[PDB]
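Protein chains in written order, with UniProt numbering: chain A, 319 to 611; chain B, 856 to 904; chain C, 27 to 68, 77 to 134, 153 to 176, 185 to 210, 215 to 247, 257 to 318; chain D, 953 to 1001.
Before any comments, here is the structure.
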Amino acid sequence: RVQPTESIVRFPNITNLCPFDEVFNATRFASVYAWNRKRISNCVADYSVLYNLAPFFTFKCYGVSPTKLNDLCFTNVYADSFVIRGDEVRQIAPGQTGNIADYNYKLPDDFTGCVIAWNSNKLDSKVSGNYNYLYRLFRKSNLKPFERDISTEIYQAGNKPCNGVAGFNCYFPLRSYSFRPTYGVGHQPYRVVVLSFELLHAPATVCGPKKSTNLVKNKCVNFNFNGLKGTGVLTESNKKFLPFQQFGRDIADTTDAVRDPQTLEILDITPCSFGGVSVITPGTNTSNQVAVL
Amino acid sequence: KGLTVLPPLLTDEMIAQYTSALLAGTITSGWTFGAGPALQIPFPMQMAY
Amino acid sequence: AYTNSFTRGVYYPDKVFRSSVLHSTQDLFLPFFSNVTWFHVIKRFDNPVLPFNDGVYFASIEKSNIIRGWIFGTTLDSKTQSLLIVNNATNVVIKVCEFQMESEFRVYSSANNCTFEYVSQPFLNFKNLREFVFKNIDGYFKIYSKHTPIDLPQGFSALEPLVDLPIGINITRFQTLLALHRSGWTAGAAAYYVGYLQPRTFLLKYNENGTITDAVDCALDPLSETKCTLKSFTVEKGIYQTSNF
Amino acid sequence: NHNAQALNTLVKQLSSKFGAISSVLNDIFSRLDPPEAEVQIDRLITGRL
Ligand SMILES: *[C@@H]1O[C@H](CO)[C@@H](O)[C@H](O)[C@H]1NC(C)=O
Ligand SMILES: *[C@@H]1O[C@H](CO)[C@@H](O)[C@H](O)[C@H]1NC(C)=O
Ligand SMILES: *[C@@H]1O[C@H](CO)[C@@H](O)[C@H](O)[C@H]1NC(C)=O
Ligand SMILES: *[C@@H]1O[C@H](CO)[C@@H](O)[C@H](O)[C@H]1NC(C)=O
Ligand SMILES: *[C@@H]1O[C@H](CO)[C@@H](O)[C@H](O)[C@H]1NC(C)=O
Ligand SMILES: *[C@@H]1O[C@H](CO)[C@@H](O)[C@H](O)[C@H]1NC(C)=O
Ligand SMILES: *[C@@H]1O[C@H](CO)[C@@H](O)[C@H](O)[C@H]1NC(C)=O
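Structural data, given as structure tokens:
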């Protein structure tokens, strides 16, 4: 049998990727209390760009390895974007207790996701200072995991009725967050986006980009065209498939032709040459010379 | 699939030559070729026998 | 009203290309010569909720594209997500959401949440016949369509796959969407036929180009069973053992 | 015809699962762990033999 010289993997041109870049580079990020939610589906996700960029220094991933994130397939990916101070960045972790964590964004202990935080002092800080960002400071009970509260009702800290007026014992729950360039790194604003990965009964719609290799023809090579795995010799084929049709089979039901995903050309697959070996020999007593068929 | 057809040792042309030899003997030698060396006989006399 | 399916409703089961071969396939197919409910819209207007069951074959004989789209949902209410397919001249919109030239489109008042959305080039005397097969298997909704220039015509056509969508929703009922045109509203004559797919075994004849040219339903009649057993459309004279009653 | 029928039957029998999860050896190996893979493969081997 002729063993396969090389292995070639062919997959369709990468397309339809969800706008991770847009959410990461969004000009304005929502306040932590009103954290935005992004739904990712029917897309191919490449995380190489996020890792490559210098600004995204923090890439802490819990429950899954970031390197194999592309390899692993997740039905739905959820992206939430909020800006928080450096001191409280630690609080956004599984099983971590903090003011931001308890009253703004809550992560369950069993959370499979990667949290991405990048310091963005220039964008979020002004010489005058930026008071647009707000954080919840007063809440009756700790927030449940992945729960968003936007209530502006005046907090009641006293027996006397609040009356809807923020008097003594009544304080507005949201507190303005102050950012300046001169402020220390801990006080300095950090943009944080956490990606949550989940698996559902419905077929996964989000998966990492599929790698491809150069086509090899007229040689015996292992082939993986669109998930069809076989060992064969690939040749140009006269036969023309219908547009929907991807691969072809003979009467025996063995695959005989495949259409390349990247280039729509039908290629015949022929099994690598194999045959029986027969030794033609005169009697051993007469001679030891042999001929092989 | 590992299933192979092995060619016959005697080719069709060779079989035809054997058949031709049998026909030639029967027409010219009658039944003698079967029982021994071919013996010439006229075909009408062979039919008479 | 009811009509005869004849040989219509055959679709390509898989993407595999087969040339000059006859293949037996077990799949959900419309039974040959099955009885199909017929709805006529002109004054007559028909828009009933019809159970999806395992699968549905929809054929519309229409002029001026009065037929517009289809709604598929378990309950057809905001409580449960419902697949929506609609068609306009520019494009066709496929949307999965919780749902409770003409410038008026009133398919849904509001959408609570949308799991999935899709857009594509439009799918669409009566000179046009539109054949659509709808199935939900393994969380994938499959649409197969053939358009032929023209009861249902007695001819054989194979429905090429149009799109496969990972809706991942449970569909038990479906309702057609029809367009009312104001000259209050006058509607041109429209015919839409609904049929239900059943598990069946079919022998499919493939030409050199790979198009299906003829089909046989094994269970339809005894001769068809004989053809299925022998895997040949032509049957020679004789007695053939086909099945055990 | 009889020879052709027998060869065709043998090749078609290759597709038969024989009670295994899959008829493709590679798919069985990837999907299942080695002990489970062995039992399913043994079913395929027995049927093909
Ligand atoms: C961000 O901008 C850089 C600019 O060089 C670009 O290379 C990258 O693809 C963009 N997106 C992300 C997610 O890094
Ligand atoms: C895929 O990309 C290549 C360029 O690398 C292009 O030549 C080819 O036409 C593309 N195929 C499809 C189906 O888009
Ligand atoms: C279809 O059903 C109707 C009753 O609803 C019946 O009268 C008719 O004969 C049926 N047609 C066929 C072809 O079975
Ligand atoms: C068709 O529908 C889409 C989605 O609602 C819309 O964007 C497009 O403009 C419509 N085309 C028309 C109304 O011609
Ligand atoms: C769908 O919308 C309802 C109403 O706003 C909301 O309560 C529910 O959580 C949504 N479902 C999903 C899966 O987002
Ligand atoms: C779909 O819902 C119906 C009830 O409306 C139920 O009987 C059926 O089992 C459901 N199917 C699936 C696949 O969940
Ligand atoms: C197949 O297509 C060829 C053209 O490529 C045509 O000559 C031939 O008649 C077609 N055969 C059938 C059965 O459609």
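Don't be surprised by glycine CBs; every beta carbon is placed ideally from N, CA and C.
**OP:** Identify which residue in C:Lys206, C:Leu117, C:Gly199, C:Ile210 has its Cα closest to the Cα of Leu518 of chain A.
**Re:** C:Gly199
**OP:** Following the continuous beta strand (DSSP E) through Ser514 of chain A, name the residue where it begins and the one where it ends.
**Re:** 507-516
Original post:
Grouping DSSP H, G and I as helix and E and B as strand, with all else coil, what is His954 of chain D?
Top reply: helix
Subject >> Sequence-distant residues of its chain with Cβ nearer than 7 Å to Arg493 of chain A (five each side left out) >> reply: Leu452, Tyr453, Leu455
Original post:
Listing by chain order, which chain D residues have their CB less than 8 Å from the CB of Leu858 of chain B?
Top reply: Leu959, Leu962, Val963
Subject >> Backbone CA spacing between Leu277 of chain C and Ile584 of chain A [nearest angstrom] >> reply: 23 Å
Original post:
Cα separation between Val433 of chain A and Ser555 of chain A?
Top reply: 50 Å
Subject >> Exposure label - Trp353 of chain A; buried when at least 16 CB within 10 Å >> reply: buried
Original post:
Taking only beta-carbon atoms, is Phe168 of chain C less than 8 Å away from chain A?
Top reply: yes
**OP:** Taking 5 Å as the limit, tell me which residues put their C-beta closer than that to any heavy atom of ligand 5, in chain order.
**Re:** C:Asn164, C:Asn165
Original post:
Helix, strand or coil: which one does DSSP assign to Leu229 of chain C?
Top reply: strand
**OP:** Please find out if some non-hydrogen atom of ligand 7 comes closer than 7 Å to the beta-carbon of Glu554 of chain A.
**Re:** no
Original post:
Of the residues A:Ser591, A:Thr385, A:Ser349, A:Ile326, which one's Cα is nearest the Cα of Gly857 of chain B?
Top reply: A:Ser591
**OP:** Closer than 9 Å by beta-carbon distance: list the chain B residues that pair up with residue 1034 of chain D, in chain order.
**Re:** Nothing can be reported for residue 1034 of chain D, as the shown portion of chain D is limited to 953 through 1001.
Original post:
What residues are listed by DSSP as bridge partners for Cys590 of chain A?
Top reply: According to DSSP, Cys590 of chain A bridges with nothing at all.
Original post:
Do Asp586 of chain A and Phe543 of chain A have their C-beta atoms within less than 8 Å of each other?
Top reply: no
**OP:** Just the C-alpha distance for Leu84 of chain C and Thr109 of chain C, rounded to the nearest angstrom, thanks.
**Re:** 12 Å
Subject >> Meets three-Cβ-pair contact criterion under 8 Å: the region 369-378 of chain A and the region 532-547 of chain A >> reply: no
Original post:
Listed in chain order, which residues of the UniProt region "Disordered" (455-490) of chain A have Cβ atoms closer than 9 Å to some Cβ of chain D?
Top reply: none
**OP:** Just jot down, in chain order, the residues whose CB lies closer than 5 Å to any heavy atom of ligand 4.
**Re:** C:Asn122, C:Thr124, C:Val127
Original post:
Looking at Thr167 of chain C and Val130 of chain C, is the spacing between their C-beta atoms short of 8 Å?
Top reply: yes
Original post:
Would the beta-carbon of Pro330 of chain A fall within 8 Å of that of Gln580 of chain A?
Top reply: yes
Subject >> Counted within 10 angstroms of its Cβ, other Cβ atoms place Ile870 of chain B as buried (16 or more) or exposed >> reply: exposed
Original post:
Who does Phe543 of chain A pair with in a DSSP beta bridge?
Top reply: A:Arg328, A:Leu546
**OP:** In angstroms with no decimal places, state the Cα-to-Cα distance between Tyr351 of chain A and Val483 of chain A.
**Re:** 22 Å
Original post:
According to DSSP, what are the bridge partners of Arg158 of chain C?
Top reply: Looking at the DSSP assignment, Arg158 of chain C forms no beta bridge with any residue, so it has no partner.
Subject >> Cβ pair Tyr266 of chain C, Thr33 of chain C closer than 8 Å >> reply: no
Original post:
Whose C-alpha, out of A:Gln414, A:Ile418, A:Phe565, is nearest the C-alpha of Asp467 of chain A?
Top reply: A:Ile418
Original post:
Does the beta carbon of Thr236 of chain C fall short of 7 Å from some heavy atom of ligand 6?
Top reply: yes
Subject >> Beta-carbon separation (whole angstroms), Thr286 of chain C vs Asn81 of chain C, contact threshold 8 Å >> reply: Actually they do not touch by this definition, with Cβ atoms about 36 Å apart.
Subject >> 6 Å CB neighbourhood of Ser514 of chain A in its chain, flanking five on each side removed >> reply: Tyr396, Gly431
**OP:** Give the straight-line distance between the Cα atoms of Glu406 of chain A and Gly416 of chain A, rounded to the nearest whole angstrom.
**Re:** 7 Å
Original post:
Taking Cβ-Cβ distances below 8 Å as the criterion, which residues of the region 358-379 of chain A are in contact with chain C?
Top reply: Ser359, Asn360
**OP:** Identify the continuous alpha helix (DSSP H) that holds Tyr873 of chain B and give its terminal residues.
**Re:** 867-884
**OP:** Could you check if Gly971 of chain D is buried or exposed, using at least 16 other CB atoms within 10 Å of its CB as the buried criterion?
**Re:** exposed
**OP:** Could you list which residues in chain A have their beta carbon closer than 8 Å to that of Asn978 of chain D, in chain order?
**Re:** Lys547
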